[PDB]
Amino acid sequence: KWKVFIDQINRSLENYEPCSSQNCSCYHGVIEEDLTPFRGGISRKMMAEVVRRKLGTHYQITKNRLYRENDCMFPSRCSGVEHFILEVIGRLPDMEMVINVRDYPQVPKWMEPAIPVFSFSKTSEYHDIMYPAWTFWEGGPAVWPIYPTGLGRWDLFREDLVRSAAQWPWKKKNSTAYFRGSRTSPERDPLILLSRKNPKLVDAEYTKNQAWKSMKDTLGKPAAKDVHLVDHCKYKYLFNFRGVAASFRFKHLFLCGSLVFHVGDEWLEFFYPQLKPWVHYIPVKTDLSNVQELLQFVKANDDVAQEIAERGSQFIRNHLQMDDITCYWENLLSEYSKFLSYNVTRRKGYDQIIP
């Protein structure tokens, strides 16, 4: 009775081209796609418009030195971006760019002409250029008490998740699907409601975030306690949803060695195009209408489920290392700089970002 999903998996593997690279070239198609709207060149007038519109934080690079306007709406997110730029700036040509550190992208596709803004997440309906989010170093959500200074240090979190995965080999993992997060999108509601109706099937509960105003923000129940990502690994089936934009949760779940259930296919981060449905994770319809069938399928095809989980874990382990993040920043900014059709001059009043 599972032939349909089984054939989809076979088909998806037949389509799959594994990335054999030892560097971040796996993702070069993402850079190429994101820069396609600017292939006619980025003029000085275009840059002045982006800056005037305050769509992001204005950075400049000249003579391998980084300069920035005074204002950054989220200093910790600017600091996280700066961490990676400063790592690679000795090899970057002169350029300037506007780096949006808000959650949401800034350049809808219907805007003509396209203007260049760097954002961490988009859909295909935006012309923003994706960059590796600040949180790979610092500045992700400060979820009290588990991440009191903000979710960050991907290098360390990788180590902790791999160790947790080793403590929870697949056959020892719990078969109840699992989610702990806040109500950043109502697309999450059907899972929380299914969990309340069928708690043996799904354990999905709303935590609160710093915008909480009332019980509406948790669908009328007391907020759940926050749970460290390393404590997700005891569950075989881990759900991932959009929030405001894409979520930082996603990459972590793979390293548990658990099978990721990824809901929807619109909101991206730069690495998402290399993660393939049925190869690396289970795709779930945006409206969750097939979630019960998918959960029955994986339980009845546990060998297939494990193979998918192992492939997804291996992809993040091998192709989303800290070095891949630094590499992507370097290749992204180097390629982008080619499309600036004029010579950048440091702006009056921009301090240098050291060291």
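A residue's number is simply how far along the shown sequence it sits, counting from 1.
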Mind pulling up the entry and telling me whether 152-160 or 207-215 has the higher mean Cα temperature factor? 207-215
Average Cα temperature factor in the PDB entry - higher stretch of 121-129, 264-272: 121-129
Comparing recorded Cα B-factors across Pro113, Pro116, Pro283, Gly80, which one is largest? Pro113
Candidate residues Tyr59, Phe38, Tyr328, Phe315, the one whose C-alpha B factor the record puts highest: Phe38
Of the three thirds of its chain by CA temperature factor, lowest, middle or highest, which one includes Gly90? highest
Can you work out whether the C-alpha temperature factor of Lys171 puts it in the lowest, middle or highest third of the chain? highest
Quick check for you: using the entry's CA B-factors within this chain, is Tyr67 in the lowest, middle or highest third? highest
Which third, lowest, middle or highest, does the C-alpha temperature factor of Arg196 belong to within its own chain? middle
Record-listed C-alpha B factor of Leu295: chain third: middle
